[PDB]
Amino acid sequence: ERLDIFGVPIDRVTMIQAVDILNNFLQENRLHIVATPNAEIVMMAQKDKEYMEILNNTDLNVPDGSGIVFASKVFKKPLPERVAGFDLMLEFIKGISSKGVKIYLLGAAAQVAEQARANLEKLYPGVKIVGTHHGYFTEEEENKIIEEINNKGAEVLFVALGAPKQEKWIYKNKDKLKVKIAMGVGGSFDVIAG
């Protein structure tokens, strides 16, 4: 089920299998941490012990980009396909948009997650995005942000802070966040906000 790319475990999953695993996570009443490691993240983890530890403690590590798939070719069972973290997020949203799954968007500059919300509502009619908040917050602002996420009863939280900040923030707040899925999505809100 998993392969090791320089200490980083990667779930041997296709896009469809990753979406199915995320849907199954919604049936388990606990926080699930999802990361999408790519070649850049593997490189970063070699120099960042804390990041390497987090990546070894997530519920699902979906491969992102081409580089990580190429690295897996050394194995008898390589990674089955090239997956983009961006496409995984959209495909997962698409499926839950008709199920009433409460989504929270946290990250990017002022009004970017609001614009992303407006655009996702047009793209996926019926999507339930319960709240949004910018990603250039201090540690002081953090507790009020987590309280709003929890008060709105969010089931899925997309964290557009960029790697490794997004994984580190989720992991540090793993016992505070009352969501079922927390997933780092990097620049995904910016490109949907157009």
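The first residue of the shown sequence is 1; numbering continues from there.
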| property | result |
| --- | --- |
| Comparing 98-106 with 68-76, the one whose average Cα B-factor in the PDB entry is higher | 98-106 |
| Higher-scoring stretch by recorded Cα B factor average, 59-67 or 161-169 | 161-169 |
| CA B-factor ranking of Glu148, expressed as a third of its chain | middle |
| Where the record places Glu121 (Cα B-factor, split into thirds across the chain) | middle |
| Chain-wide C-alpha B factor ranking for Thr132, given as lowest, middle or highest third | middle |
| Relative C-alpha B-factor of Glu40, binned into the chain's lowest, middle or highest third | lowest |
| Chain thirds of CA B-factor: placement of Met15 | middle |
